[PDB]
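Next up is one chain by itself, shown in structure tokens, the form deposited in one PDB entry.
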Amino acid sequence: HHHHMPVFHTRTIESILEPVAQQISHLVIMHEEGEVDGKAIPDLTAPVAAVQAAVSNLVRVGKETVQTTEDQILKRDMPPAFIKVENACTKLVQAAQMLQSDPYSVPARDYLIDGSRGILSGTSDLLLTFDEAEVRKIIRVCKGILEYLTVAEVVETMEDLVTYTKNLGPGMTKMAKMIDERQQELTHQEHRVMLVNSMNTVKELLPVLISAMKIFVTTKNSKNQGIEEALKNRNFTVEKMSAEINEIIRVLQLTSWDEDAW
């Protein structure tokens, strides 16, 4: 009675794999027509060139990431992934070449289906490896906000407040922008809704927090003025904001159909 997420959780993963699988599907059909029906598999030079075209970009554009990112888990696991893809292409190419000589060659049919399997497996690894890093990038930024909200209770002067504000404002703009781009990618509508409502709530608590802090400093600096509630008011806002950011962090981690299983 509840919606389980899709297997491919971002539009990017889905859009890049779909055409690779479409092309691969024809190769798989001819491979079985050779094996089962025993037909001479025709010249696959072209279909294999198209298959390559579909991924050489992804390998290319992903090799321009181990040179544009800082994530060490990415630099570590990205390469094993190109190599898997690249090797499967090489196999695919040999099968075409081999079947171009003997439309009945069996060592080539093993290369055809093996390269086919490898290409889909490797492209999936590449994409999920980019995504996992994307999620680490975002969560680290929300986390940075959580930490700063934690410092609010230390601001006791207008001079500090003015400094606090100066830093918190931007960090909130970055997180907002990232969460917006992220949500535009999710394939699961429900996670997009939760992300958007939490960001909205966080955006509106911002001004209340700063104001609760202004009033705190002002009251703390007055003579014989109580600050107990000015205090609670600030702390209360910090806690609602923190809960929203934590909710955003939680949803951002819902990227495995596995964990939302039937």
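Numbering starts at 1 and follows the sequence shown. Just so we're on the same page, rigid core means the largest C-alpha set that superposes within 1.5 Å between forms.
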State whether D43, though modelled here, is left unmodelled in a third or more of the other entries compared. no
Mean C-alpha B-factor comparison - 59-67 and 29-37, higher one: 59-67
Mean Cα B factor from the PDB record: higher for 183-191, or higher for 163-171? 163-171
Is the Cα B-factor recorded for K223 in the lowest, middle or highest third of its chain? highest
Is the Cα B-factor recorded for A261 in the lowest, middle or highest third of its chain? highest
Among the modelled residues of this chain, does the Cα B factor of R140 put it in the lowest, middle or highest third? middle
Binned into thirds over the chain's modelled residues, the C-alpha B-factor of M199 lands in the middle
Once the chain's modelled residues are ordered by C-alpha B factor and cut into thirds, is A46 in the lowest, middle or highest one? middle
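One more form of this protein should be noted, the form solved in complex with a partner chain, which is absent from this view; the next part is about it.
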Since exactly one of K214, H26, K220, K203 fits, which has a heavy atom within 4.5 Å of its partner chain in the deposited complex? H26
Looking at 50-58, 195-203, 233-241, 220-228, which stretch has residues with any non-hydrogen atom within 4.5 Å of its partner chain in the deposited complex? 50-58
Non-hydrogen atom contact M30 with its partner chain in the deposited complex at 4.5 angstroms: yes
4.5 Å heavy atom contact, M78 to its partner chain in the deposited complex: yes
Residue-level contact is defined here as any heavy atom of the residue lying within 4.5 Å of its partner chain in the deposited complex; does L252 satisfy this criterion? no
Mark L44 yes when one of its heavy atoms lies within 4.5 Å of a heavy atom of its partner chain in the deposited complex, and no otherwise. yes
Looking between the shown form and the other one after fitting on the rigid core, I'd like to know which of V251, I16, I24, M241 has a C-alpha displacement of 2 Å or more. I24
Align on the rigid core first; then say whether the Cα of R192 has moved by at least 2 Å between the shown form and the other one. no
Would you say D102 moves its Cα by 2 Å or more between the shown form and the other one, aligning on the core? yes
Flag for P207, CA shift 2 Å or larger between the shown form and the other one after aligning core: no
